[PDB]
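Inspection log for the structure reproduced underneath, given as structure tokens.
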Amino acid sequence: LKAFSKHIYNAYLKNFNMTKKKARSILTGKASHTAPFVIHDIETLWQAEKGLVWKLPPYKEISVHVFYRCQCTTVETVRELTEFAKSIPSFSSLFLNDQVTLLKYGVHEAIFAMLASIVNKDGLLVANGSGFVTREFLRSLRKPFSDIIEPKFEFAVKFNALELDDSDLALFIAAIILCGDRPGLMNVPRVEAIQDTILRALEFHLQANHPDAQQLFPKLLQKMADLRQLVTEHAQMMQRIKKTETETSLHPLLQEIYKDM
Ligand SMILES: CCCCCC/C=C\CCCCCCCCCC(=O)O
Ligand SMILES: CCCCCCCO[C@@H]1O[C@H](CO)[C@@H](O)[C@H](O)[C@H]1O
Ligand SMILES: CCCCCCCO[C@@H]1O[C@H](CO)[C@@H](O)[C@H](O)[C@H]1O
Ligand SMILES: [Ca+2]
């Protein structure tokens, strides 16, 4: 359980460029990091696109452009999560179609959980910590686009109050992905068995890492339930956009995820 935990933690370190530790020293102005360029209005968003942060489909409008940048980040994160998941021997022994089912229904729960690592009450890191976008700027955009990020901030700040670290997060994200009750899963008993091992490891770890945090394990099982519901709401928002924002482009991978939800 301890060697198991360490292995998943190494896979997490190996596969995610931004960790919470890195994100926190950037956000607190630690000596070994260059400060991010702050995106707080339309002119700074435009400067960031010119080269101060970033070196997409045809430009439509400000709100849509921000949406396109949201898609770039989540699709890149899906890439990192796939590699992370593959780095767990038990995951890679599953038939490839089961691996796809798990990632399809698990990646957004994992994304919204990890998002908390790069967030404070004022905004979020973007572009590998090279930028900071303000929560206020995001709320200012047109209706469907402002409404989709705000609930993630809301979840994140309460989640952040639990004070997890990267070693905790490794096990938590592994438990999210390796979930046996996903629709269309083929070998349910094997996946459920892998997941309980991960969960046991997580409880074993939290006892050592957070000794005075009695109730932390059941608190986290509830966050998994909350994430499932936050993704259900997000998929409905995404379907509305597809239906009503017909000039707005959506990445083919994302179309494949939200199909059937
Ligand atoms: C300049 C704008 C930078 C982008 C800010 C958002 C970046 C990361 C947050 C990821 C969650 C955003 C929620 C919207 C996700 C829509 C795409 C998807 O569903 O995959
Ligand atoms: C390891 C070899 C892979 C064999 C491929 C078997 C194809 O199964 C397909 O897997 C998909 C989930 O991933 C589902 O969306 C489809 O409904 C299902 O038909
Ligand atoms: C690595 C990216 C994670 C994969 C997420 C996308 C999963 O899409 C699914 O892929 C299957 C083909 O394999 C299709 O049968 C399903 O219709 C489709 O919904
Ligand atoms: Ca389970």
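Residue names in the structure tokens use chain letters A, B, ... in the order shown, residue numbers from 1 in each chain, and ligand numbers from 1 in the order shown.
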I'd like a table as JSON lines: residues in region 120-204 of chain A with an atom no more than 10 Å from region 39-60 of chain A, each row giving the shortest atom pair and its distance in Å to one decimal, only C-alpha atoms counted, sorted by chain and rising residue number.
{"residue": "A:123", "atom": "CA", "partner": "A:40", "partner_atom": "CA", "distance": 9.4}
{"residue": "A:124", "atom": "CA", "partner": "A:39", "partner_atom": "CA", "distance": 9.9}
{"residue": "A:125", "atom": "CA", "partner": "A:39", "partner_atom": "CA", "distance": 9.9}
{"residue": "A:126", "atom": "CA", "partner": "A:53", "partner_atom": "CA", "distance": 8.7}
{"residue": "A:127", "atom": "CA", "partner": "A:53", "partner_atom": "CA", "distance": 6.8}
{"residue": "A:128", "atom": "CA", "partner": "A:53", "partner_atom": "CA", "distance": 9.4}
{"residue": "A:129", "atom": "CA", "partner": "A:53", "partner_atom": "CA", "distance": 9.4}
{"residue": "A:130", "atom": "CA", "partner": "A:53", "partner_atom": "CA", "distance": 6.0}
{"residue": "A:131", "atom": "CA", "partner": "A:53", "partner_atom": "CA", "distance": 6.1}
{"residue": "A:132", "atom": "CA", "partner": "A:39", "partner_atom": "CA", "distance": 5.8}
{"residue": "A:133", "atom": "CA", "partner": "A:39", "partner_atom": "CA", "distance": 4.6}
{"residue": "A:134", "atom": "CA", "partner": "A:40", "partner_atom": "CA", "distance": 5.4}
{"residue": "A:135", "atom": "CA", "partner": "A:40", "partner_atom": "CA", "distance": 8.4}
{"residue": "A:136", "atom": "CA", "partner": "A:40", "partner_atom": "CA", "distance": 7.4}
{"residue": "A:137", "atom": "CA", "partner": "A:40", "partner_atom": "CA", "distance": 5.5}
{"residue": "A:138", "atom": "CA", "partner": "A:40", "partner_atom": "CA", "distance": 8.7}
{"residue": "A:140", "atom": "CA", "partner": "A:41", "partner_atom": "CA", "distance": 9.2}
Which residues, written as a ChimeraX atom specification, have at least one atom at most 7 Å from region 193-210 of chain A, with only C-alpha atoms counted and residues fewer than 4 positions away on the same chain left out? /A:1,5,90,171,175,178-179,189,217
Using only C-alpha atoms and all ligand atoms, tabulate the residues of chain A lying at most 7 Å from any atom of ligand 3, each with its closest atom pair and that distance in Å to one decimal, by chain and increasing residue number, as CSV.
residue,atom,partner,partner_atom_place_in_ligand_line,distance
A:78,CA,ligand 3,2 (C),6.1
A:79,CA,ligand 3,1 (C),6.3
A:82,CA,ligand 3,1 (C),5.6
A:97,CA,ligand 3,13 (O),6.4
A:100,CA,ligand 3,4 (C),5.1
A:101,CA,ligand 3,7 (C),6.5
A:103,CA,ligand 3,3 (C),5.0
A:104,CA,ligand 3,5 (C),3.9
A:253,CA,ligand 3,6 (C),5.8
A:256,CA,ligand 3,8 (O),4.4
A:257,CA,ligand 3,6 (C),4.6
A:259,CA,ligand 3,19 (O),5.8
Could you give me, as CSV, a per-residue list for chain A showing, wherever an atom lies at most 8 Å from an atom of ligand 1, the closest pair of atoms and their distance in Å to one decimal, using only C-alpha atoms and all ligand atoms and sorting by chain then residue number from low to high?
residue,atom,partner,partner_atom_place_in_ligand_line,distance
A:39,CA,ligand 1,1 (C),7.4
A:45,CA,ligand 1,1 (C),6.5
A:65,CA,ligand 1,1 (C),7.7
A:66,CA,ligand 1,2 (C),4.5
A:67,CA,ligand 1,16 (C),6.6
A:68,CA,ligand 1,4 (C),7.8
A:69,CA,ligand 1,4 (C),4.8
A:70,CA,ligand 1,4 (C),4.1
A:71,CA,ligand 1,17 (C),4.3
A:72,CA,ligand 1,17 (C),7.9
A:73,CA,ligand 1,8 (C),5.7
A:74,CA,ligand 1,20 (O),4.8
A:75,CA,ligand 1,20 (O),6.4
A:108,CA,ligand 1,20 (O),7.2
A:111,CA,ligand 1,10 (C),6.9
A:112,CA,ligand 1,11 (C),6.5
A:115,CA,ligand 1,9 (C),6.4
A:124,CA,ligand 1,5 (C),7.2
A:125,CA,ligand 1,7 (C),7.9
A:126,CA,ligand 1,3 (C),5.8
A:127,CA,ligand 1,3 (C),7.7
A:133,CA,ligand 1,1 (C),6.4
A:148,CA,ligand 1,14 (C),5.8
A:149,CA,ligand 1,13 (C),4.9
A:152,CA,ligand 1,11 (C),7.2
A:234,CA,ligand 1,19 (O),7.1
A:235,CA,ligand 1,19 (O),7.2
A:238,CA,ligand 1,19 (O),6.7
A:254,CA,ligand 1,20 (O),5.9
Atom pair CA of residue 88 (chain A) / CA of residue 8 (chain A): separation (Å): 6.6 Å
With DSSP run on the backbone, what are the strand (DSSP E or B) residues within region 29-213 of chain A? I'd like them as an MDAnalysis selection string. chainID A and resid 37:39 119:120 123:126 131:134
Writer output for current selection, N, CA and C atoms, as a PDB file, in the first residue's frame:
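Printed below is out-v9.pdb as written:
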ATOM      1  N   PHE A  37       2.231  36.976 -16.132  1.00  0.00           N
ATOM      2  CA  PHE A  37       1.608  38.144 -16.759  1.00  0.00           C
ATOM      3  C   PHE A  37       0.113  38.120 -16.415  1.00  0.00           C
ATOM      4  N   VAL A  38      -0.391  39.191 -15.799  1.00  0.00           N
ATOM      5  CA  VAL A  38      -1.783  39.246 -15.358  1.00  0.00           C
ATOM      6  C   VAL A  38      -2.745  39.655 -16.479  1.00  0.00           C
ATOM      7  N   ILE A  39      -3.666  38.744 -16.796  1.00  0.00           N
ATOM      8  CA  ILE A  39      -4.793  39.023 -17.695  1.00  0.00           C
ATOM      9  C   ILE A  39      -6.040  39.458 -16.888  1.00  0.00           C
ATOM     10  N   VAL A 119      -5.619  27.630  -8.634  1.00  0.00           N
ATOM     11  CA  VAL A 119      -6.656  28.632  -8.380  1.00  0.00           C
ATOM     12  C   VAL A 119      -6.455  29.276  -7.001  1.00  0.00           C
ATOM     13  N   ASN A 120      -6.694  30.583  -6.907  1.00  0.00           N
ATOM     14  CA  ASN A 120      -7.116  31.224  -5.646  1.00  0.00           C
ATOM     15  C   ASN A 120      -8.452  31.962  -5.850  1.00  0.00           C
ATOM     16  N   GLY A 123      -8.396  34.266  -9.042  1.00  0.00           N
ATOM     17  CA  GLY A 123      -8.143  33.838 -10.421  1.00  0.00           C
ATOM     18  C   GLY A 123      -7.317  32.587 -10.548  1.00  0.00           C
ATOM     19  N   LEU A 124      -6.953  32.256 -11.786  1.00  0.00           N
ATOM     20  CA  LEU A 124      -6.263  31.002 -12.085  1.00  0.00           C
ATOM     21  C   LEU A 124      -5.016  31.185 -12.945  1.00  0.00           C
ATOM     22  N   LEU A 125      -4.015  30.337 -12.703  1.00  0.00           N
ATOM     23  CA  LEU A 125      -2.848  30.269 -13.576  1.00  0.00           C
ATOM     24  C   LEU A 125      -3.234  29.692 -14.932  1.00  0.00           C
ATOM     25  N   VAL A 126      -2.660  30.266 -15.989  1.00  0.00           N
ATOM     26  CA  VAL A 126      -2.791  29.733 -17.351  1.00  0.00           C
ATOM     27  C   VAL A 126      -1.412  29.612 -17.990  1.00  0.00           C
ATOM     28  N   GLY A 131       0.882  32.923 -17.079  1.00  0.00           N
ATOM     29  CA  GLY A 131      -0.166  33.917 -16.995  1.00  0.00           C
ATOM     30  C   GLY A 131      -1.067  33.685 -15.806  1.00  0.00           C
ATOM     31  N   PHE A 132      -1.760  34.745 -15.415  1.00  0.00           N
ATOM     32  CA  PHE A 132      -2.774  34.677 -14.389  1.00  0.00           C
ATOM     33  C   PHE A 132      -4.027  35.375 -14.937  1.00  0.00           C
ATOM     34  N   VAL A 133      -5.131  34.644 -15.088  1.00  0.00           N
ATOM     35  CA  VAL A 133      -6.406  35.252 -15.517  1.00  0.00           C
ATOM     36  C   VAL A 133      -7.309  35.506 -14.311  1.00  0.00           C
ATOM     37  N   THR A 134      -7.842  36.722 -14.206  1.00  0.00           N
ATOM     38  CA  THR A 134      -8.657  37.072 -13.048  1.00  0.00           C
ATOM     39  C   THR A 134     -10.074  36.500 -13.119  1.00  0.00           C
TER      40      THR A 134
END
For each of A:9, A:145, A:258, A:4, take the minimum atom-to-atom distance to residue 169 (chain A), counting only C-alpha atoms, then give the residue where this is smallest.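 Result for the nearest residue to residue 169 (chain A): A:9.
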Within 10 Å of residue 87 (chain A) using only C-alpha atoms, minus same-chain residues under 6 positions, as a list in words: residues 7, 8, 10, 11, 12, 14, 15 and 81 of chain A
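Minimum distance to ligand 4 across A:250, A:221, A:230, A:3 (counting only C-alpha atoms and all ligand atoms) occurs at A:221.
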